[PDB]
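K.L.:
Fold the stuff below for me.
(one chain, ligands or ions: 6)
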Amino acid sequence: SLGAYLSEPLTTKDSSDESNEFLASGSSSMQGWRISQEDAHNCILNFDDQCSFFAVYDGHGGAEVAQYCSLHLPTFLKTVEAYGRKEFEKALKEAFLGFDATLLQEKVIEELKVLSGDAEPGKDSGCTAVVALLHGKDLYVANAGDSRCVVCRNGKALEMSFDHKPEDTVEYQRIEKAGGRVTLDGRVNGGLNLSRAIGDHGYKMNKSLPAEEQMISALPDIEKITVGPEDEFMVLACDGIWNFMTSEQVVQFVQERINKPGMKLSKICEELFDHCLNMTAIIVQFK
Ligand SMILES: [Zn+2]
Ligand SMILES: [Zn+2]
Ligand SMILES: [Zn+2]
Ligand SMILES: [Zn+2]
Ligand SMILES: [Zn+2]
Ligand SMILES: [Zn+2]
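P.N.:
Numbers count the residues shown, from 1 in each chain. Ligands and ions are numbered 1, 2, ... in the order given. Okay, here it is:
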């Protein structure tokens, strides 16, 4: 009796829990022992005055751009013009596009090289990014890629993203106009299976077109809600989760566990991974 256990690689779960007076969070990330990390994340409860910041980045191969996002993206966001003006949808768009542009700078590439371990990081590597910014009770979610953010609203899953993949109609139209194609197995020009990312500048080299019209685009879709009594929690996770479970199923899985005595949010993430089995998830429970 060995079944699937045999083929399953050595992994470990790196978990954490924090709280403030306004929310509680837990996260876990699972990594295999001999295959490289691909994911990174942020969980910053004290991001700014009345503000918290959460994010999942997924390198789809190399980890350096994912890592670099977790190290520099939150701080870059605070510098954009619209951020001090409290126009958060505009700020998030400015931050993704502005930060993407920094990846072509020589000094930035030096750091990407260290993070990586004739590679051209930022050109031949990149990551999907989903970011949740909470400013008081106002929740803004920016998504560029196939990680997902789901809120439990009125006892039901509410997608705050806006998942993107090459076969999607809007994605395909952009890829088409930019001279690209999508193989039957969902790969842009037969290479990457992503349509939105930070980095991967090798797919952003049409000098005719603005940044947001490149085959692979760093432009996030943004959605806002105002969280109140009926918004119990949110989940950010990578495609490792959504490949196996729908938004509804995940919300129900979290609901089946969240107010159980002694249950840590990070532990729910771990159990989610088990049920599903580089896996990364964050649960934020709103007070
Ligand atoms: Zn963490
Ligand atoms: Zn740094
Ligand atoms: Zn078309
Ligand atoms: Zn993916
Ligand atoms: Zn992934
Ligand atoms: Zn992952």
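
K.L.:
for the residue in the chain that ligand 6 sits nearest to, what are its contacts?
P.N.:
Per C-beta to the ion, residue 238 is where the chain lies closest to ligand 6, at 3.2 Å. Backbone N, C-alpha and C define where each C-beta goes, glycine included. Contacts of residue 238 were listed using C-beta atoms under 8 Å, 6 or more residues apart in numbering, and they are 39, 56, 58, 128, 147, 278, 279, 280, 281.

K.L.:
Of those residues - the most surrounded one?
P.N.:
residue 56 (34 neighbours; other C-beta atoms under 10 Å).

K.L.:
Please list all residues in contact with that residue.
P.N.:
39, 40, 41, 129, 130, 147, 236, 237, 238, 280, 281, 282.

K.L.:
Relative to ligand 5, which of those is nearest.
P.N.:
Within the contacts of residue 56, proximity to ligand 5 (C-beta to the ion) peaks at residue 238, which comes in at 4.6 Å.

K.L.:
Now secondary structure and distance to ligand 3 too, for the contacts of residue 238, in CSV please.
P.N.:
Formatted as CSV, the contacts of residue 238 follow (DSSP: H, G, I helix; E, B strand; the rest coil; distance: C-beta to the ion, whole Å):
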residue, secondary structure, distance to ligand 3
39, strand, 32
56, strand, 30
58, strand, 27
128, strand, 23
147, coil, 26
278, coil, 33
279, strand, 34
280, strand, 33
281, strand, 35
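
K.L.:
Residue 268: which of those is nearest?
P.N.:
residue 281 (8.6 Å; C-beta to C-beta).

K.L.:
where does the closest residue to the closest one other than its chain neighbours fall, phi/psi-wise?
P.N.:
In this structure, residue 281 finds its nearest non-sequential neighbour in residue 237, 3.9 Å apart by C-beta to C-beta, 6 or more residues apart in numbering. Here is the backbone geometry of residue 237 (degrees, to the nearest 10): phi -150, psi 160.

K.L.:
residues near residue 237, how many?
P.N.:
29.

K.L.:
For this structure, just list every one of the strands.
P.N.:
Applying DSSP state E to the chain gives strands spanning 11-19, 23-32, 39-48, 51-58, 126-135, 138-144, 148-153, 156-159, 198-199, 221-226, 231-237, 279-286.

K.L.:
picking that back up, who's in contact with the residue nearest to residue 281?
P.N.:
56, 147, 148, 250, 272, 279, 280, 281, 282.

K.L.:
would you turn those residues into TSV with distance to ligand 4?
P.N.:
Formatted as TSV, these follow (distance: C-beta to the ion, whole Å):
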residue	distance to ligand 4
56	11
147	8
148	11
250	16
272	17
279	12
280	12
281	15
282	17
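
K.L.:
Would you mind saying which of the strands of the chain lies nearest residue 183?
P.N.:
Residue 183 lies closest to strand 126-135 among those, at 18.8 Å (C-beta to C-beta).

K.L.:
so what secondary structure elements neighbour that closest one?
P.N.:
strand 39-48, strand 51-58, helix 64-77, helix 88-102, strand 138-144, strand 148-153, strand 198-199, strand 231-237 (3 or more C-beta pairs under 8 Å, 6 or more residues apart in numbering; DSSP states H and E).
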